[PDB]
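Structure, as structure tokens:
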Amino acid sequence: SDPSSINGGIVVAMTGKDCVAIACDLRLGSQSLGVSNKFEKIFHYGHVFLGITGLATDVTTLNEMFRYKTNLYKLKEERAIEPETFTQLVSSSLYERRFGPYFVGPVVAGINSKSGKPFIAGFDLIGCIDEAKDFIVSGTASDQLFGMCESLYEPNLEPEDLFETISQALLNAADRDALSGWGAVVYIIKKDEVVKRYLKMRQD
Amino acid sequence: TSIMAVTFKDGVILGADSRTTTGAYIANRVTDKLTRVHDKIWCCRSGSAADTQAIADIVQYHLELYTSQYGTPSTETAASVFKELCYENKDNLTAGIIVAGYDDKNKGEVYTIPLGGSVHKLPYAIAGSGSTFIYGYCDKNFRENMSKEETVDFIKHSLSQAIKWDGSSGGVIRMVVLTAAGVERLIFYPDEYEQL
Amino acid sequence: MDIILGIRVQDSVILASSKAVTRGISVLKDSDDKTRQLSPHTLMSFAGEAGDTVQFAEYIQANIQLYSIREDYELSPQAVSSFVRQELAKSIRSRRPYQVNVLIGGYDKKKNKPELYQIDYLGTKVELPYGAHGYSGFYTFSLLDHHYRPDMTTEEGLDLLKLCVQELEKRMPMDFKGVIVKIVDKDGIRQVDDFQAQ
Amino acid sequence: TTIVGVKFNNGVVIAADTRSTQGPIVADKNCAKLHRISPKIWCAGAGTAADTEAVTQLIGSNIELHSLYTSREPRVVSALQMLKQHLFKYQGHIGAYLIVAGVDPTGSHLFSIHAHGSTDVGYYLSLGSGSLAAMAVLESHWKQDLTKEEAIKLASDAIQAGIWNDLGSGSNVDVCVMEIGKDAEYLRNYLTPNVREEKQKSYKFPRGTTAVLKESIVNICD
Amino acid sequence: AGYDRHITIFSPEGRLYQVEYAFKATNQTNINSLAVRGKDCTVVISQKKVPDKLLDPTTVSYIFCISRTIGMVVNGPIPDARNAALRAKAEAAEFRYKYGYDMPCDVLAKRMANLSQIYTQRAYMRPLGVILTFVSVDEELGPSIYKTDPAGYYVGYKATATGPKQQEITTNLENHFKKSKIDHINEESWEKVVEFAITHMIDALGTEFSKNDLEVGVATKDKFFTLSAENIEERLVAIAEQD
Amino acid sequence: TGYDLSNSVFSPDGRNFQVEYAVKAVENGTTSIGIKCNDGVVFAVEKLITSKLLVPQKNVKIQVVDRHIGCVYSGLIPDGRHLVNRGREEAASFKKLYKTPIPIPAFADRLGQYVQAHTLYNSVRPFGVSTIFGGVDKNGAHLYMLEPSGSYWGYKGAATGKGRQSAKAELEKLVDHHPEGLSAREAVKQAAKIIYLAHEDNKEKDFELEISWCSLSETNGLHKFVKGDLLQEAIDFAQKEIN
Amino acid sequence: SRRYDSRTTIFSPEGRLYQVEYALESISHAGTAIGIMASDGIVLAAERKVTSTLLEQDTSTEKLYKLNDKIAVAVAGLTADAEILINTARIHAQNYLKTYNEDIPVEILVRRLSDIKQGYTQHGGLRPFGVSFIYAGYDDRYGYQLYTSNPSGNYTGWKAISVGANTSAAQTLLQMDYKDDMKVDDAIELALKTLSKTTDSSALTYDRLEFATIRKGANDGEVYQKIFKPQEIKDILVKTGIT
Amino acid sequence: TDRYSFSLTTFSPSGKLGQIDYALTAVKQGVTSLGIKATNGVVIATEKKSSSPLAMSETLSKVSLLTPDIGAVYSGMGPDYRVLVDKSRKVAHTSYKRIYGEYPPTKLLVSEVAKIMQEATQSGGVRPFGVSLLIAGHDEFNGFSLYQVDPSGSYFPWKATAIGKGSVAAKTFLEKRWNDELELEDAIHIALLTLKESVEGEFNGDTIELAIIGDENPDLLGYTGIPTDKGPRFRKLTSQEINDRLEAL
């Protein structure tokens, strides 16, 4: 019954030479019943991306909570928030609710408009932070991802090769996870230009 | 574990092992279970850890705020501030606590605040998981008012067996003598109490 | 549980909702309307826990209506369902949560497009071409996966929906005492009192 | 989780592995259990992750506010009184056990607070999954007065005994040395005994392996 | 037409006289006090006038023991000073409790100069009409002396004075310190310093004192004490010849 | 003046007139005296019989606090009882915390701090009474006399009320011709005397005397009311000397 | 003498609320600001009042602010009072977005604000906002909209409005040349073609301005909101009638 | 006198809150103080006056550290400044550092402080602060900054300016010798020659309290190992560093 597995889903992020990639499946279902295949888990505030897994009603609320928050930030500092300055936020945020947590597993990922360096980060429900130079995974097929990433990952891939590696990890774990699938979408984030793509996968 | 405080000729002496277990593992084997809340007022902690520790912290606080305006406090007083906390909160506290102090007038007295905040003043008291074994000795070998040494070799033989049969208690003995002279610290290593 | 179906077609939304009401051993009624119109072009069906069910429905209805005279403008399907998910969202983490699942189907006179939102008591919202709450889905979802097309006429949808009910009857243990259908579109809401009068 | 701390002549040193668990699966392969309360005051956190990193956070911030106002360097028992006073208030529902260490204008100090607010002191402490491992490497090779290099060599040789014999701890060692009249040195990775050997095949796919359905260029600003 | 009635209204020249008047009340005390620091001690002086054969002098002081290291002297009404003496006397207790160590002189004075500021800006009460002089032997500054007033002010003094006779007791010291070119009294023991104040005060007032016309306290290496009744007669004798 | 209207306000010279007027109301009430013998003390108040319709032995002006503290005042009678009930809680909570019955010196501050307070806020009226009290604790007996500003001290014996001076000069005296603690018994006696002599300001208004005392030997540590025989004796032992 | 202007809680015999009127009077002391509607956009022009040689002004702003990503406002009056509002005005704006998951309609936001200003006019212990506002924005309900609000809490929608100093002049000139359809680049024209005439300074210098506009079309199916930079100004300023 | 200048809640017929201006008078009285923005730094200074040399002035700061990248000074009512300070150093954690894992930019602290300054106003029953501060600091995305904050709650940014008794002219002096280029050492100079005329006392190393915002001090941390944690930019010059720059005029 674990609140973090009613709805299902997965998210994964990777870093490459001057870019990052963030990907997720599309399914939202109740227990075994599949309800939707257009449920996206990746949002963005300015040039900062956040993917969220877990209890759907919380995933939605958090997006709204962060949109709200980031808009107020921009207005006050006269600039969009950065990836690190943002991670710190969603961490404190998650924690202010330490004794009635939102049941999620966020994952930030972006590029710093000043330095120009790639960034990816993960957190657990109460907000513990976690940077990594290679990859972040979260979700129901969490283990299947660690297995794929700890094989297919390669430092400094070119954005065109990163797209292939990340896709393949997502694609294959979602096939060994009974509650993740029904489509996927992947993003390739550079300093400028952001390309979004939907992939073709088994619909079972 | 094993704690006690005994009254005698000059005033009183309170001692107790160093062992503090968490399961069958020994978290610390050299603990100072003899907290001082005031110059002539000390106490030996028993029961839970974290709780007793914080009580003292508070009891001290008050006394330190007492003298500061009502002059140095008695010993009967301190044992009150102690029960007040142990009574009102008998629900979320596990404390063994034995209080002892030397007052110029009244000589030196001993009060024992057990589970429930039930206060008692006795010649001497013994609490701690290991006290269950030295009920034979302690009682049968106790003469009213001893000497500074005539007794230190009591606390030593009581605390001897306590360690000998009660796993949860051991380490090194620790005594503190509260007297007109003042505070004195003692420590009698293993190869010793076992020797007996 | 109760039956709650809904399907969006070419230019309108259709809502099906069983009519029976049961308290333990008996059936106190076989003509209950689980619907409740929030505004001229927004309709919302519901099903859930005994008391929680309509206390909530009416509450929502009251807020929308208030907003509508105040602004003199009509709130949109999208924004209406958003408000609902907000409430239910806060509800789940309160001394006692409403256990209510819903379907909102309105006509967006601004885009001239029908829209149907399905929301469950946890605050989980999603826009779909057709939906259902509770066990209602397992018996129907496959038939609709099969025949549904976005170009469908209101006239065609009903025929479809009829099939789903016929299936619900043949394989469902509970006797839901039939359904009541309602249509939402550019001209507002009307009741197909002829799926019952048939 | 596998941390220790040991003081010598002019200071104290603490070390901790860098492996966060979460069931049997590994999460962080290079974490950081060592936090800063204040320049010369550091903590080692075992147990519930978020809790320790969030509590040190707090206390730190407040002590910074304290010294400023009192115009004196942060004592170490303050940081202690603060932590265990807070830990207690929450009857152990904030599972953060840790080893606080530092040096103030009154000497060098080392403490160990458990979850419920209980605190103890000694010359060497161990907290974590492999506390019994690195506590056989301390009840054997310990002596009063130890060179800086000896203390460092011992602490890091305890952690190591945790890495190898415990499953709830591994990867690298992290160290921080606090010396009197001197600044503090943070050694992120004083060791790196584990380094995955190289793979047996390159797993890069040829461009166009993955099948795409749609593509497009999303916007950002206004 | 009442600027000076309310503790919150600024006169056209930002004055707040109620705070000002507060001060004159710190004078109707008619007691003088100077404090000087040794090299590992600190001493404060103050006269002990008891105008009634009925009042038993034991209960007639203006110097209390805040903590087991800090002492305080007050230039104001026994009611108001007795208040302040209490609050500070408690800030001490709580500070220790919340931070693990004994509270410094310099701090306690800031808690008070602050306390008597909020006390005075929010208008939750009338400002106390007294001056507080904090003395002690800090473990990061030993000979320490700080003094707060009603307007919420404070600072460090190498040795200061307070009473209806500021300047006299003051200048007299400015010329004695103008020579030694240092910022403290030199001497190995308190006993001798004490003798230095009485000595260097009678000079400014122009009057002899006995074992009841004065009152003094001193601070050692963490152990504040009030000078005995009879014992104050001692150093008074010893310095009655080495003129 | 506009400085004698509010209770918080400071006059230009740091003077709080509202408290002063408070005193004017005190030195107009009846007369109350306080004697401190060797071990324990003695109290006595002047009750004024206005008419013959006044059950005698009733309408007591002396109140005990806990069971060891005497307590008498002059001025506004209701303000009286009041200031004492507080003292009664303040007492009780203290014994409930420390076990040992409250220190007479401690007790006084509690009361001062309280009276203190009614001089701080302009929304309340300062206490309209002077209070005299004391008892025997662990450090023997003590005798204080608090007043309208919260100011107070320890005395050898004192008194307030319309006729207090005579009570004072005929009080200082007893001190001079006895420098070494008076007498348990004797105190009472001389007590009933000091009142009469002072009543000559109410002469035309027949009165009733009330005495209570507290002593480690006659009362046994507890405060008791002087009724019965010793009560008569003391009267005559004063009515005789009145001639 | 005796007047009915002592506070907000008081009606004069004729039902006037002076205190509110005086606040409405504080506006004529602010830098002129203009807002002009257009067939395709809205223009906001202001004229920095405060001045000095060494006053940073190329970075920070003082009169033009973004409330929503589709709504902007011109300030005039009490600096601090302006921020207090502007902020809440921003929070409310985001709650609407967070609840209805749509952007908040202009009139609703202007009304919410006017409704707070209204409130500080009816409750004691409160002082009305000494601010005026020119709201310029766009929503799918009524396209582009220009609104204004004063301290009294009333608001209204103009086609071209001015507030601040010399409103009479500025208002007059506009009333004259405003062509009801007038394109944007003609409003930005008329902006200065009015601000100029109603200034003082020997010459209208760029560093003394603030422009912003709201445009939209088929292209970006949405609204682009621009706040001119010191540069663009110093430039478009020359393109008109300045050397 | 009016009948409107004795209430924070009251508007004069023209529209001027009163109590505020008299509060702002206690400031235009305080001891002279200035601040100069350079291109690679910012300098803030204010004079010191001794009640008597019997008092130790080296136990009462006037140039304070709010954040290791921001410092501030004042002119007006002493005591206010002392606590207005400690409330500023907190509203700096609880309101930013504890939410974003980092210290706050110049602009926002100055506004978080004017926020506390605002409260004193809007509300009868309290009086505004009789102080006006110059806050100077620097944050990555904004370069260096200079700001003034008055009881009225408002606040503005300068390049250079002064507040206090001797300000009319000091603010006139600066106006003349300021240009976008002055390196920090120049500012530190231009400051002293302006803190010069504005005194009747003396010009030693004690009676002058000046500090400045500049380059990072990898020494003033207390630890080393973490790359990014480089150091505090705020530096309060010592009695010595001073009088040396005084000799070379």
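Identifiers in this document derive from the order of the structure tokens: chains are assigned A, B, ..., residues are numbered from 1 separately in each chain, and ligands are numbered from 1 in order of occurrence.
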- prompt: What's the 8 Å shell around residue 24 (chain E), counting only C-alpha atoms, without same-chain residues fewer than 6 positions away, as an MDAnalysis selection string?
  reply: (chainID E and resid 129) or (chainID F and resid 12:14)
field: chain E contacts to chain D at 10 Å (only C-alpha atoms) as a PyMOL selection string
entry: chain E and resi 96-101+103-104+106-108+110+139-140
Please produce a file of those selected residues containing C-alpha atoms, as a PDB file, in the first residue's frame.
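Listing of again10.pdb after writing:
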ATOM      1  CA  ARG E  96      24.116  29.622  31.738  1.00  0.00           C
ATOM      2  CA  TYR E  97      21.331  27.061  31.264  1.00  0.00           C
ATOM      3  CA  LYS E  98      20.904  27.732  27.579  1.00  0.00           C
ATOM      4  CA  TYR E  99      24.595  27.960  26.665  1.00  0.00           C
ATOM      5  CA  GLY E 100      26.774  25.835  28.939  1.00  0.00           C
ATOM      6  CA  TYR E 101      28.885  28.689  30.345  1.00  0.00           C
ATOM      7  CA  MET E 103      27.600  34.904  31.396  1.00  0.00           C
ATOM      8  CA  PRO E 104      30.210  37.707  30.864  1.00  0.00           C
ATOM      9  CA  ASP E 106      30.039  42.959  28.995  1.00  0.00           C
ATOM     10  CA  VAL E 107      27.084  40.847  27.802  1.00  0.00           C
ATOM     11  CA  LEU E 108      24.723  41.080  30.761  1.00  0.00           C
ATOM     12  CA  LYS E 110      23.978  44.611  26.747  1.00  0.00           C
ATOM     13  CA  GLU E 139      38.038  34.860  31.774  1.00  0.00           C
ATOM     14  CA  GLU E 140      38.653  36.774  28.533  1.00  0.00           C
TER      15      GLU E 140
END
message: Quick check for you: according to DSSP on this backbone, which residues of region 8-211 of chain F are classed as alpha helix (DSSP H)? Reply as a ChimeraX atom specification.
response: /F:17-26,77-98,104-117,165-176,184-199
Select residues of chain H: the criterion is any atom within 6 Å of an atom of chain D, counting only C-alpha atoms; output as a CSV table (one decimal) with N, CA, C and O atoms, in the first residue's frame.
chain,number,residue,atom,x,y,z
H,222,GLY,N,38.8,30.5,9.1
H,222,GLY,CA,39.1,29.7,10.3
H,222,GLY,C,39.2,28.2,9.9
H,222,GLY,O,39.6,27.4,10.7
H,223,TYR,N,38.9,27.9,8.6
H,223,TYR,CA,39.0,26.6,8.0
H,223,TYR,C,39.4,26.7,6.6
H,223,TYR,O,39.3,27.7,5.9
H,224,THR,N,39.8,25.5,6.0
H,224,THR,CA,40.2,25.4,4.6
H,224,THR,C,40.1,24.0,4.2
H,224,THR,O,40.7,23.0,4.8
H,225,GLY,N,39.4,23.8,3.0
H,225,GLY,CA,39.3,22.4,2.5
H,225,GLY,C,38.2,22.5,1.4
H,225,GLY,O,38.2,21.8,0.4
message: Among region 23-233 of chain G, which residues does DSSP mark as strand (DSSP E) when it is run on the backbone? Keep the chain and numbering as in the structure and answer as a PyMOL selection string.
response: chain G and resi 33-37+41-46+64-68+71-77+131-139+143-149+155-157+160-163+210-216+223-227
Taking only C-alpha atoms into account, produce a table as a tab-separated table in which each residue of chain B with an atom at most 9 Å from an atom of chain F appears once, together with its shortest atom pair and the distance in Å to one decimal, ordered by chain and rising number.
residue	atom	partner	partner_atom	distance
B:69	CA	F:106	CA	7.7
B:70	CA	F:106	CA	6.2
B:74	CA	F:100	CA	8.9
B:76	CA	F:99	CA	7.5
B:77	CA	F:98	CA	5.0
B:78	CA	F:98	CA	7.4
B:79	CA	F:98	CA	8.5
B:80	CA	F:98	CA	5.6
B:81	CA	F:98	CA	6.4
B:84	CA	F:97	CA	7.1
Could the residues in this selection be written to a file with C-alpha atoms, as a PDB file, in the first residue's frame?
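In the end it all went to out.pdb:
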ATOM      1  CA  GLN B  69      18.614  35.588  45.812  1.00  0.00           C
ATOM      2  CA  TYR B  70      17.623  33.409  48.777  1.00  0.00           C
ATOM      3  CA  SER B  74      19.513  23.371  52.180  1.00  0.00           C
ATOM      4  CA  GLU B  76      15.926  18.974  51.794  1.00  0.00           C
ATOM      5  CA  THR B  77      15.249  21.824  49.378  1.00  0.00           C
ATOM      6  CA  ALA B  78      17.175  20.329  46.468  1.00  0.00           C
ATOM      7  CA  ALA B  79      15.456  16.966  46.851  1.00  0.00           C
ATOM      8  CA  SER B  80      12.174  18.872  46.483  1.00  0.00           C
ATOM      9  CA  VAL B  81      13.000  20.583  43.198  1.00  0.00           C
ATOM     10  CA  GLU B  84       8.625  18.210  41.641  1.00  0.00           C
TER      11      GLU B  84
END
Tell me, as a PDB file with C-alpha atoms, in the first residue's frame, which residues lie within 10 Å of region 110-115 of chain B, counting only C-alpha atoms; anything in the same chain fewer than 5 positions away does not count.
ATOM      1  CA  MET B   4      24.268   4.667  46.341  1.00  0.00           C
ATOM      2  CA  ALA B   5      25.188   7.352  48.865  1.00  0.00           C
ATOM      3  CA  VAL B   6      26.066   6.702  52.510  1.00  0.00           C
ATOM      4  CA  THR B   7      25.930   9.000  55.540  1.00  0.00           C
ATOM      5  CA  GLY B  11      28.892  13.898  56.273  1.00  0.00           C
ATOM      6  CA  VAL B  12      28.233  11.624  53.308  1.00  0.00           C
ATOM      7  CA  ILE B  13      29.797   9.724  50.397  1.00  0.00           C
ATOM      8  CA  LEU B  14      28.056   8.815  47.162  1.00  0.00           C
ATOM      9  CA  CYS B  43      23.314  13.236  43.093  1.00  0.00           C
ATOM     10  CA  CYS B  44      23.808   9.916  41.354  1.00  0.00           C
ATOM     11  CA  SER B  46      19.957   5.938  37.589  1.00  0.00           C
ATOM     12  CA  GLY B  47      17.304   4.797  35.107  1.00  0.00           C
ATOM     13  CA  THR B  75      19.599  19.745  51.080  1.00  0.00           C
ATOM     14  CA  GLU B  76      15.926  18.974  51.794  1.00  0.00           C
ATOM     15  CA  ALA B  78      17.175  20.329  46.468  1.00  0.00           C
ATOM     16  CA  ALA B  79      15.456  16.966  46.851  1.00  0.00           C
ATOM     17  CA  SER B  80      12.174  18.872  46.483  1.00  0.00           C
ATOM     18  CA  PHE B  82      13.973  17.076  42.105  1.00  0.00           C
ATOM     19  CA  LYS B  83      10.687  15.302  42.925  1.00  0.00           C
ATOM     20  CA  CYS B  86       9.875  13.557  38.799  1.00  0.00           C
ATOM     21  CA  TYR B  87       6.291  13.667  40.056  1.00  0.00           C
ATOM     22  CA  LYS B  90       6.023  10.316  36.047  1.00  0.00           C
ATOM     23  CA  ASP B  91       4.561   9.539  32.613  1.00  0.00           C
ATOM     24  CA  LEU B  93      10.395   9.948  32.669  1.00  0.00           C
ATOM     25  CA  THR B  94      12.342   6.931  33.894  1.00  0.00           C
ATOM     26  CA  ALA B  95      14.590   8.119  36.684  1.00  0.00           C
ATOM     27  CA  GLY B  96      16.258   6.273  39.583  1.00  0.00           C
ATOM     28  CA  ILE B  97      18.022   9.312  41.063  1.00  0.00           C
ATOM     29  CA  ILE B  98      19.529   9.416  44.568  1.00  0.00           C
ATOM     30  CA  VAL B  99      20.182  12.814  46.161  1.00  0.00           C
ATOM     31  CA  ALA B 100      22.850  13.556  48.776  1.00  0.00           C
ATOM     32  CA  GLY B 101      24.247  16.695  50.354  1.00  0.00           C
ATOM     33  CA  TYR B 102      26.234  18.047  53.270  1.00  0.00           C
ATOM     34  CA  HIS B 120      12.417   9.218  51.076  1.00  0.00           C
ATOM     35  CA  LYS B 121      15.142  10.229  53.518  1.00  0.00           C
ATOM     36  CA  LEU B 122      17.197   7.309  54.759  1.00  0.00           C
ATOM     37  CA  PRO B 123      20.584   6.641  56.469  1.00  0.00           C
ATOM     38  CA  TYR B 124      21.743   5.594  53.003  1.00  0.00           C
ATOM     39  CA  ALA B 125      20.130   4.317  49.779  1.00  0.00           C
ATOM     40  CA  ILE B 126      21.025   2.024  46.896  1.00  0.00           C
ATOM     41  CA  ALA B 127      19.473   2.083  43.414  1.00  0.00           C
TER      42      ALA B 127
END
field: All residues 10 Å or closer to residue 56 (chain B), only C-alpha atoms, same chain fewer than 2 positions away omitted, as a ChimeraX atom specification
entry: /B:35-37,42-45,51-54,58-62,81-82,85,97
Export of prior selection with N, CA, C and O atoms as a PDB file, in the first residue's frame:
ATOM      1  N   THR B  35      26.299  13.365  39.089  1.00  0.00           N
ATOM      2  CA  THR B  35      26.131  14.772  38.749  1.00  0.00           C
ATOM      3  C   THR B  35      26.047  15.716  39.948  1.00  0.00           C
ATOM      4  O   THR B  35      25.456  15.414  40.987  1.00  0.00           O
ATOM      5  N   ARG B  36      26.667  16.871  39.791  1.00  0.00           N
ATOM      6  CA  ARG B  36      26.689  17.864  40.836  1.00  0.00           C
ATOM      7  C   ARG B  36      25.772  19.015  40.462  1.00  0.00           C
ATOM      8  O   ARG B  36      25.969  19.643  39.421  1.00  0.00           O
ATOM      9  N   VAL B  37      24.762  19.283  41.297  1.00  0.00           N
ATOM     10  CA  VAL B  37      23.833  20.390  41.046  1.00  0.00           C
ATOM     11  C   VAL B  37      24.227  21.601  41.893  1.00  0.00           C
ATOM     12  O   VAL B  37      23.697  22.699  41.718  1.00  0.00           O
ATOM     13  N   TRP B  42      25.096  17.036  45.580  1.00  0.00           N
ATOM     14  CA  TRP B  42      25.370  16.181  44.424  1.00  0.00           C
ATOM     15  C   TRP B  42      24.290  15.090  44.337  1.00  0.00           C
ATOM     16  O   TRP B  42      23.471  14.938  45.246  1.00  0.00           O
ATOM     17  N   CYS B  43      24.281  14.329  43.247  1.00  0.00           N
ATOM     18  CA  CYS B  43      23.314  13.236  43.093  1.00  0.00           C
ATOM     19  C   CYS B  43      23.847  12.192  42.136  1.00  0.00           C
ATOM     20  O   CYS B  43      24.689  12.488  41.296  1.00  0.00           O
ATOM     21  N   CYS B  44      23.373  10.961  42.271  1.00  0.00           N
ATOM     22  CA  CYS B  44      23.808   9.916  41.354  1.00  0.00           C
ATOM     23  C   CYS B  44      22.629   9.421  40.511  1.00  0.00           C
ATOM     24  O   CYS B  44      21.620   8.915  41.020  1.00  0.00           O
ATOM     25  N   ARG B  45      22.782   9.601  39.203  1.00  0.00           N
ATOM     26  CA  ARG B  45      21.774   9.245  38.232  1.00  0.00           C
ATOM     27  C   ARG B  45      21.595   7.733  38.018  1.00  0.00           C
ATOM     28  O   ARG B  45      22.550   6.959  38.060  1.00  0.00           O
ATOM     29  N   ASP B  51      16.884  11.424  29.973  1.00  0.00           N
ATOM     30  CA  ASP B  51      15.962  12.054  30.914  1.00  0.00           C
ATOM     31  C   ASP B  51      16.724  12.615  32.106  1.00  0.00           C
ATOM     32  O   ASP B  51      16.873  13.840  32.232  1.00  0.00           O
ATOM     33  N   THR B  52      17.197  11.712  32.975  1.00  0.00           N
ATOM     34  CA  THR B  52      17.952  12.083  34.184  1.00  0.00           C
ATOM     35  C   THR B  52      18.934  13.225  33.886  1.00  0.00           C
ATOM     36  O   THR B  52      18.986  14.236  34.595  1.00  0.00           O
ATOM     37  N   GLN B  53      19.706  13.061  32.825  1.00  0.00           N
ATOM     38  CA  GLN B  53      20.638  14.090  32.442  1.00  0.00           C
ATOM     39  C   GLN B  53      19.967  15.460  32.426  1.00  0.00           C
ATOM     40  O   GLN B  53      20.416  16.365  33.123  1.00  0.00           O
ATOM     41  N   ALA B  54      18.892  15.615  31.649  1.00  0.00           N
ATOM     42  CA  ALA B  54      18.192  16.904  31.544  1.00  0.00           C
ATOM     43  C   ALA B  54      17.542  17.413  32.827  1.00  0.00           C
ATOM     44  O   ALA B  54      17.446  18.624  33.022  1.00  0.00           O
ATOM     45  N   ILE B  58      18.290  21.035  34.858  1.00  0.00           N
ATOM     46  CA  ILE B  58      17.255  21.963  35.329  1.00  0.00           C
ATOM     47  C   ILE B  58      17.367  22.205  36.823  1.00  0.00           C
ATOM     48  O   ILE B  58      17.427  23.351  37.276  1.00  0.00           O
ATOM     49  N   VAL B  59      17.380  21.121  37.585  1.00  0.00           N
ATOM     50  CA  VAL B  59      17.481  21.223  39.024  1.00  0.00           C
ATOM     51  C   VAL B  59      18.633  22.132  39.377  1.00  0.00           C
ATOM     52  O   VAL B  59      18.549  22.950  40.281  1.00  0.00           O
ATOM     53  N   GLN B  60      19.729  21.963  38.657  1.00  0.00           N
ATOM     54  CA  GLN B  60      20.895  22.783  38.890  1.00  0.00           C
ATOM     55  C   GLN B  60      20.403  24.187  38.689  1.00  0.00           C
ATOM     56  O   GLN B  60      20.340  24.959  39.627  1.00  0.00           O
ATOM     57  N   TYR B  61      20.012  24.497  37.462  1.00  0.00           N
ATOM     58  CA  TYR B  61      19.495  25.816  37.113  1.00  0.00           C
ATOM     59  C   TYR B  61      18.737  26.529  38.235  1.00  0.00           C
ATOM     60  O   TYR B  61      19.079  27.646  38.612  1.00  0.00           O
ATOM     61  N   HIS B  62      17.693  25.903  38.754  1.00  0.00           N
ATOM     62  CA  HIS B  62      16.934  26.527  39.825  1.00  0.00           C
ATOM     63  C   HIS B  62      17.800  26.944  41.007  1.00  0.00           C
ATOM     64  O   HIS B  62      17.815  28.122  41.372  1.00  0.00           O
ATOM     65  N   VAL B  81      12.947  20.162  44.591  1.00  0.00           N
ATOM     66  CA  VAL B  81      13.000  20.583  43.198  1.00  0.00           C
ATOM     67  C   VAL B  81      13.146  19.350  42.312  1.00  0.00           C
ATOM     68  O   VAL B  81      12.705  19.341  41.171  1.00  0.00           O
ATOM     69  N   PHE B  82      13.761  18.305  42.850  1.00  0.00           N
ATOM     70  CA  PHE B  82      13.973  17.076  42.105  1.00  0.00           C
ATOM     71  C   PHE B  82      12.682  16.279  41.916  1.00  0.00           C
ATOM     72  O   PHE B  82      12.367  15.863  40.799  1.00  0.00           O
ATOM     73  N   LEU B  85       9.841  17.700  39.616  1.00  0.00           N
ATOM     74  CA  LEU B  85       9.980  17.337  38.215  1.00  0.00           C
ATOM     75  C   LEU B  85       9.658  15.849  38.021  1.00  0.00           C
ATOM     76  O   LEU B  85       8.971  15.486  37.061  1.00  0.00           O
ATOM     77  N   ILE B  97      17.518   8.225  40.237  1.00  0.00           N
ATOM     78  CA  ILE B  97      18.022   9.312  41.063  1.00  0.00           C
ATOM     79  C   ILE B  97      18.039   9.242  42.592  1.00  0.00           C
ATOM     80  O   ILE B  97      17.005   9.107  43.248  1.00  0.00           O
TER      81      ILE B  97
END
field: Residues of chain E within 10 Å of chain H, only C-alpha atoms counted, as an NGL selection string
entry: :E and (1-3 or 6-16 or 106 or 110-111 or 113-118 or 120-124 or 145-146 or 151-161 or 170-171 or 173-174 or 177-178 or 183)
query: Can you list, as a list in words, every protein, DNA or RNA residue that comes within 7 Å of residue 184 (chain G) when you count only C-alpha atoms, leaving out same-chain residues fewer than 6 positions away?
result: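 These residues fall inside the cut-off: residues 38, 40 and 41 of chain G.
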- prompt: Taking into account only C-alpha atoms, which residue in the set D:8, D:123, D:88, D:203 is nearest to chain B?
  reply: D:88
